[PDB]
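This report refers to the structure that appears directly beneath it.
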Amino acid sequence: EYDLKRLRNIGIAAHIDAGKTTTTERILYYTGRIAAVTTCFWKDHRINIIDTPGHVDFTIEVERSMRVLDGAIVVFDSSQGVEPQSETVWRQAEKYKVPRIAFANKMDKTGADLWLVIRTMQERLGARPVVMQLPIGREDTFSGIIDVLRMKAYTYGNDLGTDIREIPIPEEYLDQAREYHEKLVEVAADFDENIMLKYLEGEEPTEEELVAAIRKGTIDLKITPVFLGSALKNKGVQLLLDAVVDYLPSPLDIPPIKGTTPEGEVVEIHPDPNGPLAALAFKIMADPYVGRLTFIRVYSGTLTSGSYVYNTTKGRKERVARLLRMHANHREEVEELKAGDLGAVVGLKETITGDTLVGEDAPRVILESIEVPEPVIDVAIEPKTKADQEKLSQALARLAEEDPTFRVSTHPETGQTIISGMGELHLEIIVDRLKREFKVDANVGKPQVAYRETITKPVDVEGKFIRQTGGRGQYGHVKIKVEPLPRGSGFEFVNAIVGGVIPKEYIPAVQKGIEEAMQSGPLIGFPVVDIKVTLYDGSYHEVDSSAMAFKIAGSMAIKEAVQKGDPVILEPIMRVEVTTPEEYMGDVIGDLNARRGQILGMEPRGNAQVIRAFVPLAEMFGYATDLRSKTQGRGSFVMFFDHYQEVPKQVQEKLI
Ligand SMILES: Nc1nc2c(ncn2[C@@H]2O[C@H](COP(=O)(O)OP(=O)(O)O)[C@@H](O)[C@H]2O)c(=O)[nH]1
Ligand SMILES: [Mg+2]
């Protein structure tokens, strides 16, 4: 009941509204005649369907979901062929070196041309797609599908899937069918030698030869077999399954994952159920009654239900209580989860999305990197009126655990809770996450940028404090030397008091006091970073001095002594991989250098052209729509924070 050669772990990446969701939903209907990844069966093959992100912008989620799957299907709204975003989604496919096939959906829709896809496929996606099926009909006249591979046709009596009759191709669509059979074998002959020789001598190859050959090609990334249908009208979907088994890869065709030994050495993990074990927990999905199910693709070895696996990313052991394969209607308990297969685990306390798992006495291989995002997008948030402040921070509790990658901070002045993250969308999703499924309605603020502040020249000034007989005598007096530290060298304190000049007891306050003003730079009101303070002189009032009057004695000096060291804003200067069609280069490169950018290289990937840059995050708000407009939607870009840098003189002056 387990042959690695019969699995087929696949995804469904479509432009929104192409039918990512409606194709799957109709894919289960046909499979199930007997939710992250959702196993199922078609002619003696298992087909674990990983879920690919909703919006294809999701990059990181996308990265994962990619890594987790073997084959993949692209769904094209056959109104517009490869859609602008369906164009962008192909980019991701191209990237992660994943074999695939394509689905012309909506052939009933008014606006139903196949060739439209084919043309703008090779034309816009550099695909060299191959035609395997020809419609019988056009719009709402669409009556079937021809398989030019096997030279037969299927018909569809009703818009249901109740009626599918195998019919010999109509005399009408015959001369077209024959031309494309040939033209195809010309692509099969491109892979099999025995096929060419039979094309020439005029011999008909064999269905296997054909399909066998076409498969090497689909797989080895040299084509993209192309079928069509309407998932709405329930036609050609079966074929699409007959496709997947035929062309889409088992976990044995795709290459082994690049895993990293702890010594640095990066070795390759070969799909072997009877060897050391490792897996990837990509999806921490919170079930109802069962609890924290974490979803895992297994690469080597076997997962036994009731065992002790090692969370290699965190470092703590985990116990696998039950092993689940979630199906279309119901769950499933299993004892094994072998290699190349996918599923759900029960237990695993401290295991988050991405964490790698290996088994007890097994090599500690990590599969995912170590990216801890520098916090760059600050967002301010009052509750509704402290009716929703209740379930505000108690809401962050669940959110924090399963995702480490975001600050939470109460802002100095306004006391507004402040959420510090990576990207913009990263933050926006949580608003919908909170103002809806968390029942935390409230007052939101515009994304801000993580400006930090610092000095440049070394200063040397004090910070007294006097409030005598109010209510009992109060007093305290510091004298400090501050100098600027190198970038992202952060804080350093030094105590060079001679002795006795200030009481030993009261230093903590001076420190607690410095630390409290470094949350408010004089330039805007952002955390002062990169500095070296030195307490060296002072005075005290023997009775009047107190833990309060030296917290203030000290705060009054870090505040004051900043506005003297020629203060300076620093800003987040990002790193960008913008994907533009080769035609819009001279156009958007201009866009970067308008946003104080500094272009680095340009290296080709696919029919496209990618460009590495140094735009200030400060100049990035709305860059999506500005590039979607300059590439007519064809563009796409990704950020990866790089460093903090100074702001130029004219940049600062305006910053108030
Ligand atoms: N004409 C036509 N419309 C479809 C078909 N499949 C899906 N749709 C429409 O696609 C829209 C959204 O598709 P959806 O399942 O949400 O795809 P997704 O947005 O990419 O996940 C729905 O409003 C459907 O009516 C099809 O085969 N033919
Ligand atoms: Mg959808």
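Scheme for the structure tokens: letters A, B, ... for chains in order shown; per-chain residue numbers from 1; ligand numbers from 1 in order shown.
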
Around ligand 2, which protein and nucleic acid residues have at least one atom no more than 6 Å from it, if we count only C-alpha atoms and all ligand atoms? List them as JSON, numbers by chain. {"A": [20, 21, 54]}

Contacts to ligand 1 at 10 Å cut-off (only C-alpha atoms and all ligand atoms) as a ChimeraX atom specification: /A:12-26,52-56,75-79,86,104-112,139-140,228-235

Please provide the set of residues having any atom within 12 Å of residue A:33, restricted to only C-alpha atoms, with same-chain residues fewer than 4 positions apart removed, written as a compact mmCIF listing (two decimals) with N, CA and C atoms, in the first residue's frame.
```txt
# COMPACT_ATOMS: atom_id res chain seq x y z
N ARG A 26 -13.47 20.69 -7.13
CA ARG A 26 -13.99 19.78 -8.15
C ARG A 26 -13.01 18.65 -8.38
N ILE A 27 -11.83 18.74 -7.77
CA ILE A 27 -10.87 17.66 -7.91
C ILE A 27 -11.17 16.60 -6.87
N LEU A 28 -11.69 17.03 -5.71
CA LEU A 28 -12.02 16.06 -4.67
C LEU A 28 -13.24 15.27 -5.08
N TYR A 29 -14.23 15.96 -5.67
CA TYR A 29 -15.48 15.33 -6.07
C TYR A 29 -15.19 14.08 -6.86
N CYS A 40 -5.46 12.13 -1.17
CA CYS A 40 -6.52 11.48 -1.95
C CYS A 40 -5.97 10.48 -2.97
N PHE A 41 -6.84 9.78 -3.68
CA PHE A 41 -6.43 8.64 -4.50
C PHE A 41 -7.00 8.65 -5.92
N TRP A 42 -6.13 8.48 -6.92
CA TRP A 42 -6.56 8.31 -8.32
C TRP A 42 -5.76 7.23 -9.05
N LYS A 43 -6.48 6.31 -9.69
CA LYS A 43 -5.93 5.06 -10.20
C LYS A 43 -4.61 4.69 -9.52
N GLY A 161 -20.89 15.89 -14.38
CA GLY A 161 -19.96 14.79 -14.19
C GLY A 161 -20.71 13.48 -14.05
N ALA A 328 -10.71 14.57 2.48
CA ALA A 328 -11.71 15.51 1.97
C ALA A 328 -12.91 15.74 2.89
N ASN A 329 -13.32 14.71 3.63
CA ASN A 329 -14.50 14.81 4.50
C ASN A 329 -14.16 14.54 5.96
```

Residues within 12 Å of stretch 591-596 of chain A, only C-alpha atoms, excluding chain neighbours under 5 positions, as a count of residues only: 33

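Neighbouring residues of residue A:454 at 6 Å or closer, counting only C-alpha atoms and skipping chain neighbours under 4 positions away, are residues 528, 529, 567 and 568 of chain A.
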
Selection export as a JSON list (two decimals), in the first residue's frame, atoms kept: N, CA and C atoms:
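result_37.json, written as the output of this step:
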```json
[["chain", "number", "residue", "atom", "x", "y", "z"],
["A", 528, "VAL", "N", 16.99, 56.13, 20.66],
["A", 528, "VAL", "CA", 18.38, 56.49, 20.36],
["A", 528, "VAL", "C", 19.34, 55.31, 20.45],
["A", 529, "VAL", "N", 19.99, 54.99, 19.33],
["A", 529, "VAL", "CA", 20.87, 53.83, 19.24],
["A", 529, "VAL", "C", 22.31, 54.19, 18.83],
["A", 567, "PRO", "N", 22.96, 65.67, 16.33],
["A", 567, "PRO", "CA", 22.04, 64.52, 16.21],
["A", 567, "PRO", "C", 21.74, 64.11, 14.77],
["A", 568, "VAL", "N", 21.38, 62.85, 14.57],
["A", 568, "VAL", "CA", 21.17, 62.36, 13.21],
["A", 568, "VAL", "C", 20.15, 61.23, 13.13]]
```

Please extract the residues of stretch 63-136 of chain A with a backbone DSSP assignment of strand (DSSP E) and present them as a VMD selection string. chain A and resid 73 to 77 101 to 105 130 to 131 133 to 135

Who sits within 8 Å of residue A:308, only C-alpha atoms, same chain under 5 positions skipped, as number ranges by chain: A: 317-320, 359-360

Grab the residues selected above and save them as a compact mmCIF listing (two decimals), in the first residue's frame with C-alpha atoms.
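Output file result-v1.txt is given in full below:
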```
# COMPACT_ATOMS: atom_id res chain seq x y z
CA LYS A 317 12.39 17.04 22.22
CA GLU A 318 8.81 16.43 21.01
CA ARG A 319 6.39 13.50 21.36
CA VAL A 320 4.26 12.42 18.45
CA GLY A 359 14.56 11.23 15.02
CA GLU A 360 16.27 10.60 18.40
```

So the first atom is atom CA of residue A:148 and the second is atom CA of residue A:132; what is the distance between them in Å, to one decimal place? 5.5 Å

Using the chain letters and numbers from this document, which residues of stretch 299-506 of chain A does DSSP assign to helix (DSSP H, G or I), as a list in words?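 After running DSSP on the backbone, stretch 299-506 of chain A has helix (DSSP H, G or I) at residues 390, 391, 392, 393, 394, 395, 396, 397, 398, 399, 400, 401, 425, 426, 427, 428, 429, 430, 431, 432, 433, 434, 504, 505 and 506 of chain A.
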
Quick one: which stretch 56-94 of chain A residues come within 10 Å of stretch 272-292 of chain A, and what is the nearest atom pair for each with the distance in Å to one decimal, counting only C-alpha atoms, rows ordered by chain and ascending number, as a tab-separated table?
```
residue	atom	partner	partner_atom	distance
A:61	CA	A:282	CA	8.4
A:64	CA	A:282	CA	6.6
A:65	CA	A:282	CA	7.5
A:67	CA	A:280	CA	9.4
A:68	CA	A:282	CA	7.8
```

Any idea what's packed within 7 Å of residue A:215, counting only C-alpha atoms, ignoring anything in its chain fewer than 3 positions away? Could you give it as a compact mmCIF listing (two decimals) with N, CA and C atoms, in the first residue's frame?
```txt
# COMPACT_ATOMS: atom_id res chain seq x y z
N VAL A 211 3.90 9.13 -23.77
CA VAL A 211 3.74 9.60 -22.40
C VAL A 211 5.03 9.51 -21.58
N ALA A 212 5.78 8.43 -21.75
CA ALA A 212 7.04 8.26 -21.03
C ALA A 212 7.97 9.41 -21.36
N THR A 218 8.34 17.19 -19.24
CA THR A 218 7.61 17.95 -18.24
C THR A 218 8.47 18.11 -17.01
N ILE A 219 9.10 16.99 -16.63
CA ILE A 219 9.86 16.87 -15.39
C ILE A 219 11.18 17.59 -15.46
N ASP A 246 0.32 10.68 -15.00
CA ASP A 246 1.15 10.53 -16.19
C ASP A 246 2.37 11.42 -16.16
N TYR A 247 2.17 12.72 -16.02
CA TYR A 247 3.26 13.67 -16.23
C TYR A 247 3.86 14.24 -14.95
```

Min atom-atom distance to residue A:376 from the set A:89, A:449, A:213, A:497, counting only C-alpha atoms, belongs to A:449

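As for atom CA of residue A:532 and atom CA of residue A:492, they are spaced 4.9 Å apart.
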
The residue from A:499, A:214, A:80, A:419 with the smallest atom-to-atom distance to residue A:116, counting only C-alpha atoms, is A:80

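Among the candidates A:269, A:531, A:366, A:337, the residue lying nearest to residue A:312 is A:366 (atoms considered: only C-alpha atoms).
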